[PDB]
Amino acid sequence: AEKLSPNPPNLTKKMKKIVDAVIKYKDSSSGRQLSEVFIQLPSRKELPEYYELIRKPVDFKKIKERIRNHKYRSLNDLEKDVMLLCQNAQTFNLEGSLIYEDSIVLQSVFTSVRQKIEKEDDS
């Protein structure tokens, strides 16, 4: 595939900062790193069923590659992919499950982290 045009540096920096904070997030009481199940998808071969139900699979490793390769052209584009990761979790897993509910929390963490980074960049 053709190399894409680099984003402006501050935009890439904010993308990387947002995703790093979402990844690093830990439940305040328990210390559990909610992102840990979302770093790396299972194989189409350990879990072929995942790929039958989920049209556009994505994990945090893929999101990080899509930042590096400039596939996202705005924070909106990054947000869409994080929220797609979480939607996919919600599609595949049962309401009430650890994976489903953790994805809902990470949606809120993404929003909060983005908001802090945006507010503190407005100078």
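Note that the rigid core is defined as the largest set of C-alphas that superpose within 1.5 Å between two forms. In this text, residue numbers run from 1 along the sequence as written.
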Between 26-34 and 65-73, which has the larger RMS C-alpha deviation from this form in 6 other deposited structures of this protein after core superposition?
26-34
On mean Cα temperature factor in this entry, is 9-17 or 95-103 the higher one?
95-103
What stretch has the higher average Cα B-factor here, 83-91 or 50-58?
50-58
Out of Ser74, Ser43, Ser30, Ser35, highest CA B-factor residue
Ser43
Among the modelled residues of this chain, does the Cα B factor of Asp122 put it in the lowest, middle or highest third?
middle
Check where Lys64 lands among this chain's C-alpha B-factors and tell me if it's the lowest, middle or highest third.
highest
